[PDB]
Amino acid sequence: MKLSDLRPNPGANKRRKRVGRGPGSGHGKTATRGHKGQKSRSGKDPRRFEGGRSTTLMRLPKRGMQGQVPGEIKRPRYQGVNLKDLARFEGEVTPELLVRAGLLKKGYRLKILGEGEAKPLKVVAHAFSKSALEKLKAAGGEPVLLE
Amino acid sequence: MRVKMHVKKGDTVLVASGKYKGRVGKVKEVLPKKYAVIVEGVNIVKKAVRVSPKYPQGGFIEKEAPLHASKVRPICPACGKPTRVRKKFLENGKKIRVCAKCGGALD
Amino acid sequence: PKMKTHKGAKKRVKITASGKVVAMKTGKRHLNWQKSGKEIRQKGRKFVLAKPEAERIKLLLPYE
Amino acid sequence: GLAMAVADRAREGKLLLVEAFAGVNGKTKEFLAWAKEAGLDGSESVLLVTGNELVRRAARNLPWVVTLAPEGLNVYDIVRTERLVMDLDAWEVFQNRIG
RNA sequence: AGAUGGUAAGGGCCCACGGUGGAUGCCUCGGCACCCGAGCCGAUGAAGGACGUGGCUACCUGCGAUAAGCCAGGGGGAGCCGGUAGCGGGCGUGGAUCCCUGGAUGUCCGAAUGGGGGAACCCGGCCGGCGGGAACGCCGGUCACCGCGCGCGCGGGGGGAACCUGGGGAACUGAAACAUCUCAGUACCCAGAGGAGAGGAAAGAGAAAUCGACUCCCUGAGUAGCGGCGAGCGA
RNA sequence: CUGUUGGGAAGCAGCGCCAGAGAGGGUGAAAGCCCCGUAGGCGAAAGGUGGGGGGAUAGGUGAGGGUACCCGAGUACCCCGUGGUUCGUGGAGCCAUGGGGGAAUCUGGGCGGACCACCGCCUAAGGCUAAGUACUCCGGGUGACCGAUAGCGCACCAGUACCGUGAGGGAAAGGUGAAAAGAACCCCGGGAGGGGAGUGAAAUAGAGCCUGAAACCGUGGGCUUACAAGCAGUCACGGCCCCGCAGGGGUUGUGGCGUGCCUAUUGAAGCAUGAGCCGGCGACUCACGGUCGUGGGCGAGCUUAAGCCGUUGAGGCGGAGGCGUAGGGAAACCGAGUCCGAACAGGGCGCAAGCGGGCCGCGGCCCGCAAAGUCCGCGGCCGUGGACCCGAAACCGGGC
RNA sequence: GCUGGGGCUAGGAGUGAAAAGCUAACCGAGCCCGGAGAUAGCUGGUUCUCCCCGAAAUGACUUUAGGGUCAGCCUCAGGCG
RNA sequence: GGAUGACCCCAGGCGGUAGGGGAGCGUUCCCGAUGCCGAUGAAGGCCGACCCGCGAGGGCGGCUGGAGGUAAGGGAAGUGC
RNA sequence: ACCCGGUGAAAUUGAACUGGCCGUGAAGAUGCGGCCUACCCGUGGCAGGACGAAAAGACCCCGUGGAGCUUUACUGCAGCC
């Protein structure tokens, strides 16, 4: 395997579409922009703009709390993980040991959740849902609850 | 700050290349600004001169054209062989140029 | 430079779990006497925006 | 790639690991000698990988040799060259890179 | 009866060869970009100039009435008296040209500063010299203004591609109109700083029994919020 | 080094050699070994630097008890007017301060987003402080940078010529050859120019100089043309010239046919736009985000950023962080559910995982294959920037 | 009255026996440089070759009406059959 | 049919602006390159009635030109008037 | 003005091998159709035509273009109270 062999698979590299470069191309003259009018010009935001009529968005009404200065309130937050996700572990499970595993995102208080089979496991968590608690306290799990 | 020249007037040199490949002569003259040398009976050229006081009857005169100094190779007075120059710090202790097979001085 | 989320959207719309765009029914912010309780009751419900326009609003929210 | 680059080459008996480097103590002819004795005549081109400063210095100025400390190994310099030649001591760091 | 050919003033097409012109290729003393290094100069008169300066010298370079140069130290080792040949003359291994360092000289203008002035001109005071030298003129020194100190000292003044801080500070434009908003504390003007500048040892952060100067980068995060809750702005 | 072809060798051939140097460039062409170099190494009396080494000096250092002396004033603080911050008057604090009022010295004061109370934080109204940062006139190094319409405006005596009263505007213009060997002398000519001679490997390389395209102008040759009607061509046949020896090439007499190109348009040969002709320059890009698609990597996971180390076209480390793994709700919250509701109706928005094949006494659970996802490459499109290129009338700032 | 010389007044400003006259050969706001590649829903231009398909000039709304958003119609990929 | 782009047979489609898509050509530059072509002649230029390709183009030959050029396969754009 | 000697511009210019009528065609044809007419090339003259040249119509409308002006349009500011 030398240099002249190194080749990218079919369609791994593909030609650009070069417009405005002669009739046979496609693609020439107008350059796929049709005839006249802004959009053919060099240069309006079509996600929002709608022609001077009141937009689709701006006629919808606002909902709920927008928050005000000095902005967002620090309260604790809870990420759930599902009993099924607890599957790969043996012995004791903490939030710490959940993060460093990529199940529980950092700075999130841990809340065990229902979906899945309770494993007879010591699980240390900031919170348990109902059917999570029952399930565990029935497969012989040990639901330590910290603060 | 000086063009480096391996040759001088008028040590004797070989002509390693060109149309005088092999010819031998004493450097008449060195021209650093041109990096080239004048060597006797080497590079001779037919120069047209116009009728003037000195050269009445005008016609042509011969001259030694310069040779690019790279073309020339000093002969060392010991081997009698053309050689690359080397340098030796005497004791004196000035620097001299010395043969590259013999250690003969080139001055 | 990175897109900015349209706040005007963010503040009156939520993208669902399956990718639909949901908003409040219009039609009850005032002028509400003389409207049936049927009308009012229903206008209290979140609805799903026709697909053509759901897609646009979805591009205003690149970081949801 | 490092992995696959070396793999391919080995799959061609072009890979050759060495314990050490006979009498190479810096000098280029010194390396020649050794390479001859090892089946390395310069009919083939060599990526010579060693942390041995002295061996690299000897191999360096060869046209048919591309030299390299082992932390410098890389697929290109492998693919460029016909024959990969490494230290045990380089062979280790290589396997460590791919662990 | 009848029909058909040559003739070219000139023109047309083609072929050949030229003229014109300067494309194309090749070239590169030049430029661009990034990185690194380096980073102030100035009243001991800068930056930038004027005028001069060569045996013969239009320009350029170098130099300053000692004028392509003067004194010394260091480099260096055969050539040299710039780009320049030539006229016409010289120097160099008792080491020249050339390069580095220091020093000397450095007209007149220029912050310009003795005074004046239309920059490179003009005119003075005081002290010393020159000439026959009183009148005259030339040479040398010296003489602005402001801020500090106790008349005397010390500083300042101007310049610098960007970069920096501060004092001021738009509009086009965007909002598919526009006035709040935007462009933007941007452009620009001004003052100051310097090789950087600003900032800098908590009357801080803000929720952790926490952190521990300032700057700067990644992230936080287009999050929190801000907003004719528009365009958009944005910790 | 030698031969060899050549104007010239470094090409080709023979036999050698150096290499910590085979980066590059020169030499008459294509050179490791001829030249300048290159790897590796050495170097300053003088001046500058000196953030590294050392030396010195300034300066610096405790505990309890008591006293209540001091702890930065037109300040803090409050009100009025503003500015800064994400904060546009907003519930508007905090920081700065033009106006008015105007304290206290630790049982003092400011702050933690109006205010209050707790609980905490910090000590305003004096100042200095390296480094990490920015820039690039200047030096150097390197380019999937340009190569004289390019690249700076300037490769060249260019911020010049020239233009403008001025601020200011601002060009064009590079190449003989290896070497000037720059063409003595003769001949026509007042010169310019040219013919010989001469130099040169080459002189349509001769200085108005490498290559020397096209428009354009001539000369000579072939075919053709003075009863002919035209977007100039095409088809056919014929004649004449040419190359050759069932075929080609050139031309064109006659016959048929036939409304330029572009643009803009319902519609153009159009008497609608643009274009004298030729040459050169000229317009869908890039960055960061986004969304599909796609080639790969890995997959309940995937990926690093800035940095650090290494390299001097070698890569590695760095898990901070981001995206994914759960949703629903304005939110508290709850959670495979959740919101509305009195509901244990009803409804909105969500939730179900692959395909195997086998061992074993029905899946126990392996094992493979595939995939959620994500990371990079690629491409299409979108956002933000001048965003395909060229063009206003105008607005604003500072100068003249 | 005309005139030489020396002076002063300028850009929303000057000057004006008034014409919006003059302010360096075009003044309903000088020139130059800069913001600046202002903006231009307008006009023009958009450069190689072959192959497959192939529209629209409608409707709703629109300080819209020679412009746009969505719908209709074109095309490509995957899936359904 | 064969066994997956290898060709053969048979049938059908193949006007086309906006426009969508697909396959190519050529220009500069990088890897390939301490290589290969090159003075017994590079690039570039002028010819051609010859060869290959549907075509863009690519060869081959002659003249000029006198020092460069740059493959198979890939990569990147100041890419075709 | 014209002729001979000397010096010698210009806007314009798709390319031209550039006749009449009657038709026709984007509705006013040298260029289409049919007839008519007409050997080739100039020199001086005239202005009917080439919708002749020149000036991207000044009138007209269009642009959510611009500018000057006005007011008991809006909103501000200087100024005055």
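Tabulated data
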quantity	calculated
Extreme residue, nearest to RNA strand F (Cβ to nearest atom), among residues of segment C:27-44 that are within 12 Å of chain A (Cβ to nearest Cβ) and assigned to a loop (DSSP other than H, G, I, E, B)	C:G44
Given (1) farther than 30 Å from A:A125 by Cα; (2) more than 16 Å from RNA strand G (Cβ to nearest atom); (3) more than 10 Å from chain C (Cβ to nearest Cβ); (4) of a type outside the set (K, R), index of the condition A:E90 fails	(1)
Residues being over 19 Å from B:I75 (Cα atoms) and touching a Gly at 6+ places or on another chain (Cβ under 8 Å) - total across segment B:13-59	5
Single condition A:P70 does not satisfy, out of (1) in contact with a helix residue (DSSP H, G or I) (Cβ under 9 Å, 6 or more places away or on another chain); (2) near RNA strand F (Cβ under 8 Å from one of its atoms)	(1)
Hits in segment C:16-26 (condition: within 18 Å of A:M58 (Cβ to Cβ) and more than 7 Å from every other protein chain (Cβ to nearest Cβ))	C:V21, C:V22, C:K25
Test set (1) near RNA strand F (Cβ under 8 Å from one of its atoms); (2) in contact with a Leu (Cβ under 9 Å, 6 or more places away or on another chain); (3) within 14 Å of another protein chain (Cβ to nearest Cβ) - C:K58 fails condition number	(2)
Odd one out for C:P1 among (1) closer than 17 Å to A:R59 by Cα; (2) in a loop (DSSP other than H, G, I, E, B)	(1)
Residue match in segment A:80-92 (condition: part of a loop (DSSP other than H, G, I, E, B), among the aromatic types (F, W, Y), within 16 Å of RNA strand E (Cβ to nearest atom) and surrounded by 10 or more Cβ atoms within 10 Å (Cβ to Cβ))	no
Tally of residues being aliphatic (A, V, I, L, M) and either touching a helix residue (DSSP H, G or I) at 6+ places or on another chain (Cβ under 8 Å) or within 16 Å of RNA strand G (Cβ to nearest atom) (or both) across segment B:47-86	1
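Read the figures in this text as sums done on the coordinates, not as results from a lab. Cβ sites come from the backbone with ideal geometry, for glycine too, and all protein chains shown count toward neighbours.
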